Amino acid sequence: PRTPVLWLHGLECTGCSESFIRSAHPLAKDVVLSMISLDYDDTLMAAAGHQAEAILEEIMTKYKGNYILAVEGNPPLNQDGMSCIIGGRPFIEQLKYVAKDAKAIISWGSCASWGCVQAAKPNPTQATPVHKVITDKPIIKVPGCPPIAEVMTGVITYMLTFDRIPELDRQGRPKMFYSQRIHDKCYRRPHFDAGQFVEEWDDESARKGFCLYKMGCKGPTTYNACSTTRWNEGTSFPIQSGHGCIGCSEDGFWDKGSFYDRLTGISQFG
């Protein structure tokens, strides 16, 4: 038998679901057909309305304390929770209900992990990360906007193989994917180390792949696997394609000033 996954959606853009299906190793097809049982997921599921909601009860009963709750997006607390409505009720009520009997909870992406764009100032819906609402369950944060596809499926693969949560850092992120800053192994580091920087877009330095620090790159303060694992089966990552990291896996990255404002105190990242 395959471990049930109930994949809930709060306030979100659905980019985490999309990233998930880009996975090449393993293929999402193989994850869905041979690894997990994806029993609830609004994006892909055949059933709607009453038939969809009835699945939750059935899986929770049959697999009590032996299903994974995956959460994409987050619950709003303003508007009496009705800035995100499921089955005529606030999303937060569904989240809490499904969370109570989960074996483990995966907070997909920066939405579930931290709050992300809807939680940026002034946060009109009081969108709140999952770990601030569910306080009595094991949660793994898999941040990024969205996370890398193979990181998402990598977490699932570990959990299914070992029936354990992988080792987490103090922020609740898996060390196997989030131990390095972008800047640690970024291929532009030799330019950073030599003070070789892009100063204006498409200057001669940019055409030579010089470091993007002075164009606002937040790689020095951002933990993710982008510089090594890279994106879409190792095809590229933001810096390789010419734009600085915007810090999309870090808590509160929308409210650290302009993406194009450089980090201060360059000497601390040498």
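Heads up: residue numbers just count along the shown sequence, starting at 1.
Here 238 to 246 and 58 to 66 are compared by their mean Cα B-factor, and 58 to 66 comes out higher. Stretch comparison (68 to 76 versus 131 to 139) by mean CA B-factor in the PDB entry places 131 to 139 on top.
Split the chain's modelled residues into thirds by C-alpha temperature factor. Residue 126 is in the middle one. For residue 216, the recorded CA B-factor ranks within the lowest third of the chain. Only modelled residues enter the ranking. Annotation for residue 226: C-alpha temperature factor in the lowest third relative to the rest of the modelled chain, per the entry. Residue-level temperature factors show residue 262 in the middle third of its chain, judged at the C-alpha atom. For residue 119, the recorded CA B-factor ranks within the lowest third of the chain. Only modelled residues enter the ranking.
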